[PDB]
Amino acid sequence: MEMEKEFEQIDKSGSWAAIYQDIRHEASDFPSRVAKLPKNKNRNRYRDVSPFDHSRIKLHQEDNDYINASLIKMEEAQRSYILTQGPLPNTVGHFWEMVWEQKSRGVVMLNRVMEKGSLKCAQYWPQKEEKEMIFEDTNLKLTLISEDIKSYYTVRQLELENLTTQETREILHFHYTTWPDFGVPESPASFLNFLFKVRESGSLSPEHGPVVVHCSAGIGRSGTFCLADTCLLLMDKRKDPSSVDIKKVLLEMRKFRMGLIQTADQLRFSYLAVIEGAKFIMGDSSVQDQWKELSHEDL
Ligand SMILES: Cc1ccc(Sc2ncccc2C(=O)O)cc1
Ligand SMILES: Cc1ccc(Sc2ncccc2C(=O)O)cc1
């Protein structure tokens with residue numbers, strides 16, 4: 001079926017939980033043996049969220065090459081993403097090692113450091129220009145260059161230096177700051193405006209390594225971001241945009257990391273985002289300005 005009318009048909013029939021459970025039943029199951037080795041227990045935030053062996057990102061280190069991160073490679077859309085958990089106190093150095101080794105330009109963060117009164121990830125970037133961070137275990141230095149705070153998100157320019165070779169690179173940090181502690185946003189307008197800002201930066205483009213995207217576990221909000229981006233790109237590439245099947249795309253992405261999209265509410269929100277985003281793309285270029293306005297990002 002098409003998307004927008006399949007959407008109204010699930011709303012009127014109130015069957016989002018059943019649709020989502022079907023996806024869970026059909027999703028791939030691949031081994032994650034490296035994640036479960038005892039030496040890696042303090043490298044995993046959640047015991048039930050692990051990268052598959054076949055798609056996990058390897059650190060270029062001979063002692064322990066493990067990080068909780070997966071390469072999602074979308075062949076028809078010609079986009080790749082790295083999805084990872086929020087860094088832990090003992091993995092912030094591994095996190096920036098991965099960014100360096102994979103030649104990423106951008107990092108997309110979809111959570112706040114504290115949510116629901118508990119820590120959801122480490123403070124892994126510097127908050128003041130004059131107070132840089134040094135990661136001694138991986139020999140990297142990280143400096144805040146500039147920060148632009150908007151109403152729904154913040155963009156930061158960061159400098160990452162490999163202290164071994166004295167090479168430097170500019171990394172862009174895209175921080176969506178307004179996802180609610182419970183549930184999903186009422187309108188997808190600010191999330192879509194954010195996605196378009198990441199796109200406009202070059203961070204998703206083939207001349208760079210894959211974008212690194214995370215939330216707390218790296219499967220829920222993170223899955224919503226890459227699912228919406230890939231579906232919109234396929235609608236632009238194909239002769240028949242109504243042939244894009246969001247459930248089939250999600251199952252393809254779940255071949256590369258378990259658990260993407262964590263609730264039926266996140267599934268419904270992903271449909272909403274793709275539906276509204278397809279109107280702004282067209283050919284309606286003006287819709288982009290509309291999203292920006294409706295997002296009230298200023299202040
Ligand atoms: C490796 C790297 C190089 C350059 C930059 S940007 C910059 N650096 C210093 C002053 C100003 C800027 C600016 O972009 O205005 C970031 C990272
Ligand atoms: C064990 C575990 C912990 C956390 C997560 S993320 C999550 N969990 C439950 C609902 C929603 C989300 C979300 O994606 O926001 C997944 C698994």
Side-chain angles (χ1 to χ4, degrees), residues 16-17 20-21 23-24 27 32 35-36 41 43-52 68-70 72 81 83-88 96 99-100 103-121 125-126 128-130 132-133 140-148 155-163 165-174 176-185 188 191 201-203 208-209 213-228 250 253-254 257-270 273:
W16 282 109
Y20 179 66
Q21 260 304 139
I23 287 163
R24 291 189 59 161
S32 309
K36 302 309 279 171
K41 197 157 180 179
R43 289 181 186 216
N44 295 311
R45 184 176 286 283
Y46 303 105
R47 56 153 177 72
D48 58 335
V49 180
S50 301
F52 300 140
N68 192 318
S70 308
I72 300 9
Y81 318 82
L83 269 64
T84 191
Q85 68 186 14
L88 291 155
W96 288 113
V99 169
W100 183 269
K103 302 180 157 56
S104 309
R105 179 85 189 292
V107 172
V108 173
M109 173 171 183
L110 304 171
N111 65 288
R112 294 167 299 281
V113 166
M114 179 167 283
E115 300 182 3
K116 296 180 183 182
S118 301
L119 294 173
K120 297 296 169 194
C121 94
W125 72 96
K128 294 180 182 303
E129 287 85 344
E130 67 279 10
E132 75 272 18
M133 290 178 81
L140 292 157
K141 177 175 106 173
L142 182 66
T143 306
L144 177 66
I145 299 301
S146 75
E147 180 168 67
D148 191 354
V155 189
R156 308 180 179 93
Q157 300 183 303
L158 307 173
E159 182 202 64
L160 187 62
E161 184 179 345
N162 178 349
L163 291 173
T165 68
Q166 292 193 328
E167 309 169 284
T168 66
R169 279 175 213 161
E170 182 186 329
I171 309 299
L172 301 180
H173 194 243
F174 287 91
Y176 189 82
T177 54
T178 52
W179 195 296
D181 269 13
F182 290 96
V184 305
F191 192 69
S201 78
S203 289
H208 300 295
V213 350
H214 78 88
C215 47
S216 192
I219 61 175
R221 299 173 198 176
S222 290
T224 300
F225 183 89
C226 59
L227 181 60
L250 179 53
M253 292 184 162
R254 277 195 179 215
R257 188 170 175 84
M258 61 170 67
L260 303 182
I261 308 300
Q262 282 177 293
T263 69
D265 258 36
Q266 281 179 3
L267 186 65
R268 180 181 187 273
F269 181 76
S270 302

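Order of appearance sets the numbers: ligands from 1, and atoms from 1 within every ligand. Quick note: residue numbers are just sequence positions, from 1. As a basis for the values below, the full set of heavy atoms in this structure was taken, side chains included, without hydrogen atoms, waters or symmetry mates.
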*Check: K103 and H208 side chains under 4.5 Å, non-hydrogen atoms*: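 Side-chain contact under 4.5 Å: no.
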*Would a 4.5 Å heavy-atom cut-off, applied to side chains only, mark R112 and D181 as touching?*
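Answer yes - side chains close enough.
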Considering the heavy atoms of [X], write down every atom of ligand 2 situated less than 4.0 Å from one of them.
X: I219; result: 16 (C)
X: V49; result: 17 (C)
X: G220; result: 13 (C), 14 (O)
X: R221; result: 14 (O)

*If you take all heavy atoms of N68 and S50, which pair is closest and at what distance?*
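Minimum heavy-atom contact is ND2-CA, 4.1 Å.
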*With distance as the sole criterion, is a donor-acceptor pair present between the side chains of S146 and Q157 under 3.5 Å?*
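Yes, a side-chain donor-acceptor pair sits under 3.5 Å.
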_So does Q262 get a backbone contact from the side chain of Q266, meaning a donor-acceptor N/O pair under 3.5 Å?_
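Yes; at least one donor-acceptor contact below 3.5 Å.
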*asked:* Determine whether a donor-acceptor pair (N or O, by modelled atom type, separation under 3.5 Å) exists between the side chain of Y20 and the backbone of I261.
replied: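 Yes, because the side chain of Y20 sits within donor-acceptor range (under 3.5 Å) of the backbone of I261.
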*Would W96 and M133 satisfy side-chain contact (heavy atoms from CB on, under 4.5 Å), going step by step from the backbone distance to the final call?*
CA-CA 11 Å; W96 288 113; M133 290 178 81; over 6 Å; no
*Name all residues meeting the ring-ring contact (aromatic ring centres under 6.0 Å, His included) criterion together with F269; count only those two or more places apart in sequence or in a different chain, and write none if there are none.*
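Applying ring-ring contact (aromatic ring centres under 6.0 Å, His included) to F269 gives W179, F191.
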*asked:* If the contact criterion is a heavy-atom separation under 4.0 Å, does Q266 count as touching ligand 2?
replied: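 The answer is yes: ligand 2 sits under 4.0 Å from a heavy atom of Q266.
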*Tell me, which residues have any heavy atom less than 4.0 Å from some atom of ligand 1?*
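Ligand 1 is contacted, at a heavy-atom distance under 4.0 Å, by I145, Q157, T168, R169, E170.
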